[PDB]
2 protein chains.
Amino acid sequence: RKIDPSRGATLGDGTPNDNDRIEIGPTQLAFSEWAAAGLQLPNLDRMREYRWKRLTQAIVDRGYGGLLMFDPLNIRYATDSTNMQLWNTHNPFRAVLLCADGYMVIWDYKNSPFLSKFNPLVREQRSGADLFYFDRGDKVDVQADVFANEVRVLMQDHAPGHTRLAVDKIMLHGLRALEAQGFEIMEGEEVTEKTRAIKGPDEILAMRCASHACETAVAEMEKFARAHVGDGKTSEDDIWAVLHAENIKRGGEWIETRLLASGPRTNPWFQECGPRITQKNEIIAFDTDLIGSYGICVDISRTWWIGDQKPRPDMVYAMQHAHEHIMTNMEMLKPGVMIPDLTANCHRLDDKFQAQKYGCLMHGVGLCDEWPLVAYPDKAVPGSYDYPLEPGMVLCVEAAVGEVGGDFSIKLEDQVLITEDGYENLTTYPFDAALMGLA
Amino acid sequence: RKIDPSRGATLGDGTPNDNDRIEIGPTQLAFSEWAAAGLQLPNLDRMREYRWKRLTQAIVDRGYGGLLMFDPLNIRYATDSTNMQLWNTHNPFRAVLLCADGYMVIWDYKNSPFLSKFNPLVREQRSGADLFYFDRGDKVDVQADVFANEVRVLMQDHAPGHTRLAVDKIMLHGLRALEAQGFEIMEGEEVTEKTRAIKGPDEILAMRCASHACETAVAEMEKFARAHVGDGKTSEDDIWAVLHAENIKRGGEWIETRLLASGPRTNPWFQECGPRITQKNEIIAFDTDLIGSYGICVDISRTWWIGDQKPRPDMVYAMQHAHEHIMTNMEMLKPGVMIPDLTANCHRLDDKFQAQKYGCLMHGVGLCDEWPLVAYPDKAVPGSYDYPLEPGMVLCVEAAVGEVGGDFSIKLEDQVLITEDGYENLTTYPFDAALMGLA
Ligand SMILES: [Fe+3]
Ligand SMILES: [Fe+3]
Ligand SMILES: [Fe+3]
Ligand SMILES: [Fe+3]
């Protein structure tokens with residue numbers, strides 16, 4: 001019956017206290033750690049209502065009649081319902097229509113209409129939005145017309161007079177079928193990215209929980225790495241596997257990249273975690289890029305020195321330079337600052353680090369990496385992100401620091417909330433004391 | 001610095017014996033187990049040439065000038081190059097163009113041109129194919145035109161006279177820009193799915209290795225589950241986490257679904273792995289849906305009974321029925337058989353299992369789930385997959401067996417190669433003896 005005997009009919013996040021329920025979420029392990037940490041749990045019903053209201057408002061503000069979503073991350077934002085998320089990312093079997101009057105319909109996997117029933121804001125569970133060759137072979141086009149006619153009828157009933165339908169991403173068969181029904185297809189991502197960019201109070205609570213769980217998982221990985229690196233057998237993959245397992249054990253969902261590398265494989269950055277046998281007296285740098293508990297992305301980066309010797313002075317300087325970079329850049333953060341002014345006033349990396357610097361100095365984060373992208377001045381494009389920061393935005397602040405042809409790089413990154421009058425760094429994970437020149 | 005001291009300049013798959021190399025792949029753990037199991041390793045160079053030749057021929061055969069791929073799994077097929085695959089699945093930053101003359105170009109993440117340089121069949125490494133709102137904000141359109149003009153010039157030089165460009169999936173800004181350059185956009189998935197459907201000799205060797213690694217990882221998971229289920233603490237997530245870690249430790253890449261469930265959460269099927277505390281004397285059913293070593297998908301399902309008591313008779317019957325289903329259907333497999341004849345002649349499940357049966361009785365598999373999909377008679381669509389099986393195809397054979405309103409389901413699934421004369425079941429994982437009604 002109850003999954004948590006110490007509680008009544010509901011868990012702390014308001015969901016049912018029922019070991020046999022369909023809905024998943026954080027494990028008892030995660031909840032125990034969070035309670036011991038004194039973290040306030042999100043109320044999921046209020047969270048789901050917040051997102052839905054805000055997304056509906058976004059449609060209305062643009063004078064659109066609706067938004068059609070095939071990206072599982074947008075579907076997750078709109079409904080909080082998951083279904084084979086990773087398979088869904090490259091197999092578009094799922095769709096959500098949200099109309100300007102708030103009416104929301106999901107076309108789900110035929111076999112699994114029950115996966116969104118926990119959210120009453122999802123008014124209908126249908127099927128048949130899977131318009132790709134694996135699922136339908138030479139008969140995609142017939143179903144594309146069935147599906148587009150369904151969307152037409154829903155829009156006639158729930159957004160009469162509107163011809164503009166925003167779509168995040170759709171297969172060409174789907175696009176043509178919708179256009180044949182008389183829709184003008186608008187850019188759906190411009191709707192979803194800007195909506196998702198402002199977190200409500202429950203999303204922020206959810207993120208604090210996910211962040212705590214992610215930092216716990218990383219601490220397990222550090223413990224494992226410092227204990228086993230340089231034993232002649234332990235690989236990058238061995239270390240990284242710890243993060244995978246500890247995330248899953250806390251109700252997390254997946255990891256977006258393979259960004260953990262050791263020794264000379266840290267420079268250039270973006271070499272992937274693999275079989276390399278790790279060594280004593282070497283750098284290990286990683287980036288969590290992690291979809292964690294409550295489906296919230298925790299995106300932080302740390303660089304470790306592991307060995308009996310001291311790190312080289314150039315490693316210490318680089319680490320200190322990287323730290324100075326993100327602390328200076330996050331100090332720019334407060335409501336009302338224009339994104340291009342972040343670009344213009346950002347901390348200046350030394351010349352020898354300019355060539356291999358990161359693809360941005362900041363980016364948004366929520367269910368994954370999100371709008372905005374804050375480019376360095378030499379890559380920034382005029383008229384691309386002319387908007388101010390607002391309370392409720394969350395930005396990761398980045399530093400990649402390495403020389404061309406060098407044998408190491410530093411990667412640091414913290415996750416930062418915009419508050420009413422400034423910012424709050426959510427990330428508490430320590431910086432390697434030897435690399436920081438403190439030890 | 002060799003990663004394998006017992007070898008010369010190359011590893012057994014022909015790749016460099018170099019601990020510090022960029023290229024990732026199977027771990028020393030995986031290679032060690034495969035050697036002990038007596039498995040011949042693929043030659044990756046010949047594998048990569050096989051795929052590239054076959055895909056180029058597919059373009060030529062259709063009278064197209066090129067194939068443009070944004071799906072990371074098609075990119076993986078064409079180049080064997082990974083780059084944040086999971087991030088890529090829902091962030092289309094990457095693109096590969098293959099022209100009718102075999103000329104092949106990748107547009108990669110700006111910061112990482114080196115990630116595909118190990119494959120000399122990739123002739124150029126460019127950037128700027130990232131046409132989505134996160135990456136470019138309100139200036140996607142400008143870059144979409146830059147990108148489309150580059151594709152035009154390449155097609156002019158390497159497929160002159162062709163206007164037909166196959167595209168698997170592209171953002172609408174990209175579609176509009178390509179059509180503005182005079183391209184007729186063809187269905188790219190019809191090209192990629194049919195090409196990937198036939199595995200060459202080295203791909204089959206890679207799949208044998210991946211299958212062995214995955215089966216090893218599942219055996220670790222089974223050991224964990226049988227030792228810890230019913231301790232009042234161990235969750236579905238705890239058990240599943242073992243598969244995650246053991247896959248990563250062997251050079252695997254990710255898991256596509258969350259299909260592991262315990263007790264009453266197995267019925268209906270497609271309930272996701274979650275926080276449920278597992279119980280003694282209960283069914284656990286799961287589906288690996290796993291992207292494993294060498295990036296090969298291993299897609300198998302097993303159902304376990306764990307407890308001091310015997311399974312109920314209806315459980316044993318359902319298991320035997322499920323096993324009979326896949327063995328009977330698998331027996332249909334040999335070259336020349338038309339896919340809808342598989343549909344027409346499949347084993348018939350008992351009436352009480354029909355309503356909740358699986359979405360297909362078979363589907364292709366390679367780098368992930370692939371064409372064809374073999375539907376049950378009541379879902380099959382005429383003219384959707386009118387094609388014969390061929391040697392080198394690999395099909396998973398499925399069984400979901402459960403009653404409406406029931407408190408358990410069985411899920412069984414094996415991965416089967418089509419041979420010159422018939423079939424070869426690649427899957428050797430045991431079936432639960434107690435559920436099979438054996439002492
Ligand atoms: Fe990151
Ligand atoms: Fe980041
Ligand atoms: Fe499966
Ligand atoms: Fe399958």
# chains A, B, ... in the order shown; residues from 1 in each chain; ligands from 1
call {"tool": "residues_around", "arguments": {"residues": "residue 224 in chain A", "least_positions_apart": "6", "cutoff": "10 Å", "atoms": "only C-alpha atoms", "output": "ChimeraX atom specification"}}
result
/A:218,234,238-240,242
call {"tool": "interface_residues", "arguments": {"of": "chain B", "to": "chain A", "cutoff": "7 Å", "atoms": "only C-alpha atoms", "output": "NGL selection string"}}
result
:B and (3 or 19-20 or 22 or 24-28 or 71 or 84-87 or 89-90 or 111-112 or 133-139 or 169 or 171 or 189-190 or 237-238 or 241-242 or 244-245 or 248-249 or 251 or 256-258 or 264-265 or 270-271 or 274-277 or 359 or 370-373 or 383-385)
call {"tool": "residues_near_ligand", "arguments": {"ligand": "ligand 1", "cutoff": "7 Å", "atoms": "only C-alpha atoms and all ligand atoms", "output": "PDB file with C-alpha atoms, in the first residue's frame"}}
result
ATOM      1  CA  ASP A 287      30.398  18.177 -16.945  1.00  0.00           C
ATOM      2  CA  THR A 288      27.256  16.594 -15.445  1.00  0.00           C
ATOM      3  CA  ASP A 289      24.779  17.649 -18.191  1.00  0.00           C
ATOM      4  CA  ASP A 299      24.289  21.239 -15.311  1.00  0.00           C
ATOM      5  CA  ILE A 300      27.561  21.737 -13.446  1.00  0.00           C
ATOM      6  CA  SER A 301      31.229  21.163 -14.223  1.00  0.00           C
ATOM      7  CA  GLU A 413      30.294  25.615 -14.366  1.00  0.00           C
TER       8      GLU A 413
END
call {"tool": "residues_around", "arguments": {"residues": "residue 148 in chain A", "least_positions_apart": "2", "cutoff": "7 Å", "atoms": "only C-alpha atoms", "output": "ChimeraX atom specification"}}
result
/A:144-146,150-152,177-178,181
call {"tool": "write_last_selection", "arguments": {"atoms": "C-alpha atoms", "output": "PDB file, in the first residue's frame"}}
result
ATOM      1  CA  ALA A 144      -0.607  12.305 -41.459  1.00  0.00           C
ATOM      2  CA  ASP A 145      -3.915  13.390 -43.020  1.00  0.00           C
ATOM      3  CA  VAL A 146      -5.928  11.644 -40.291  1.00  0.00           C
ATOM      4  CA  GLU A 150      -7.943  15.860 -35.963  1.00  0.00           C
ATOM      5  CA  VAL A 151      -5.881  18.960 -35.198  1.00  0.00           C
ATOM      6  CA  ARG A 152      -8.103  21.027 -37.495  1.00  0.00           C
ATOM      7  CA  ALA A 177      -0.782  17.616 -43.931  1.00  0.00           C
ATOM      8  CA  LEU A 178      -1.237  20.474 -41.445  1.00  0.00           C
ATOM      9  CA  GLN A 181      -5.767  21.892 -43.537  1.00  0.00           C
TER      10      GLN A 181
END
call {"tool": "residues_around", "arguments": {"residues": "residue 362 in chain A", "least_positions_apart": "4", "cutoff": "6 Å", "atoms": "only C-alpha atoms", "output": "ChimeraX atom specification"}}
result
/A:374,396-398
call {"tool": "write_last_selection", "arguments": {"atoms": "C-alpha atoms", "output": "compact mmCIF listing (two decimals), in the first residue's frame"}}
result
# COMPACT_ATOMS: atom_id res chain seq x y z
CA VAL A 374 24.81 34.08 -24.08
CA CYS A 396 24.53 28.10 -16.00
CA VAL A 397 27.73 30.12 -16.01
CA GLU A 398 30.58 28.50 -17.92
call {"tool": "closest_residue", "arguments": {"among": "A:429, A:423, A:353, A:77", "to": "residue 403 in chain A", "atoms": "only C-alpha atoms"}}
result
A:353
call {"tool": "decode", "arguments": {"residues": "range 111-138 of chain B", "atoms": "N, CA and C atoms", "output": "CSV table (one decimal), in the first residue's frame"}}
result
chain,number,residue,atom,x,y,z
B,111,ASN,N,32.9,23.8,-31.7
B,111,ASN,CA,34.0,23.5,-30.8
B,111,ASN,C,34.7,22.1,-30.9
B,112,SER,N,34.1,21.3,-31.8
B,112,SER,CA,34.6,19.9,-31.8
B,112,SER,C,34.8,19.2,-33.2
B,113,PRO,N,35.5,19.9,-34.1
B,113,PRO,CA,35.7,19.3,-35.5
B,113,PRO,C,36.4,18.0,-35.4
B,114,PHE,N,37.3,17.8,-34.4
B,114,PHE,CA,38.1,16.6,-34.3
B,114,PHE,C,37.4,15.3,-34.1
B,115,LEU,N,36.1,15.4,-33.7
B,115,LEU,CA,35.4,14.1,-33.3
B,115,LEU,C,35.2,13.1,-34.4
B,116,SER,N,35.2,13.5,-35.7
B,116,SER,CA,35.0,12.6,-36.8
B,116,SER,C,36.2,12.4,-37.6
B,117,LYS,N,37.4,12.9,-37.2
B,117,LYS,CA,38.5,12.9,-38.1
B,117,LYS,C,39.2,11.5,-38.2
B,118,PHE,N,38.8,10.6,-37.2
B,118,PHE,CA,39.2,9.2,-37.3
B,118,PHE,C,38.6,8.5,-38.5
B,119,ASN,N,37.6,9.0,-39.1
B,119,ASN,CA,36.9,8.4,-40.3
B,119,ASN,C,37.3,9.2,-41.5
B,120,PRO,N,38.2,8.7,-42.3
B,120,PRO,CA,38.7,9.5,-43.5
B,120,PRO,C,37.6,9.6,-44.6
B,121,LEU,N,36.5,8.8,-44.5
B,121,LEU,CA,35.4,8.9,-45.4
B,121,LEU,C,34.6,10.2,-45.2
B,122,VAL,N,34.8,10.8,-44.0
B,122,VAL,CA,34.2,12.1,-43.8
B,122,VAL,C,35.3,13.1,-44.3
B,123,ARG,N,34.9,13.8,-45.4
B,123,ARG,CA,36.0,14.5,-46.2
B,123,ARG,C,36.2,15.9,-45.6
B,124,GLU,N,35.1,16.5,-45.0
B,124,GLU,CA,35.2,17.8,-44.4
B,124,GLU,C,34.5,17.9,-43.1
B,125,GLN,N,35.1,18.8,-42.2
B,125,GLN,CA,34.4,19.0,-41.0
B,125,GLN,C,34.1,20.5,-40.9
B,126,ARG,N,32.8,20.9,-41.0
B,126,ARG,CA,32.4,22.2,-41.0
B,126,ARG,C,31.6,22.5,-39.7
B,127,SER,N,31.0,23.7,-39.6
B,127,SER,CA,30.0,24.0,-38.6
B,127,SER,C,28.9,24.9,-39.1
B,128,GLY,N,27.9,25.1,-38.3
B,128,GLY,CA,26.8,26.1,-38.7
B,128,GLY,C,25.6,25.4,-39.2
B,129,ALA,N,25.3,24.2,-38.9
B,129,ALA,CA,24.1,23.5,-39.3
B,129,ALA,C,23.1,23.5,-38.1
B,130,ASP,N,23.4,24.2,-37.1
B,130,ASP,CA,22.5,24.3,-35.9
B,130,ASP,C,21.4,25.3,-36.0
B,131,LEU,N,20.2,24.8,-36.4
B,131,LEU,CA,19.2,25.7,-36.8
B,131,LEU,C,18.0,25.6,-35.9
B,132,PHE,N,18.2,25.9,-34.6
B,132,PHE,CA,17.1,25.9,-33.6
B,132,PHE,C,17.2,27.1,-32.7
B,133,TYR,N,16.2,27.3,-32.0
B,133,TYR,CA,16.0,28.6,-31.2
B,133,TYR,C,17.0,28.8,-30.1
B,134,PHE,N,17.2,27.7,-29.3
B,134,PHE,CA,18.2,27.7,-28.2
B,134,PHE,C,19.5,28.2,-28.8
B,135,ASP,N,20.0,27.6,-29.9
B,135,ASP,CA,21.4,28.0,-30.4
B,135,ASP,C,21.5,29.3,-31.1
B,136,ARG,N,20.4,29.8,-31.7
B,136,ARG,CA,20.5,31.0,-32.5
B,136,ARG,C,19.5,32.1,-32.3
B,137,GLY,N,18.5,31.8,-31.4
B,137,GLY,CA,17.5,32.8,-31.1
B,137,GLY,C,16.8,33.3,-32.3
B,138,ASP,N,16.6,34.6,-32.4
B,138,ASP,CA,15.8,35.2,-33.5
B,138,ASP,C,16.6,35.3,-34.8
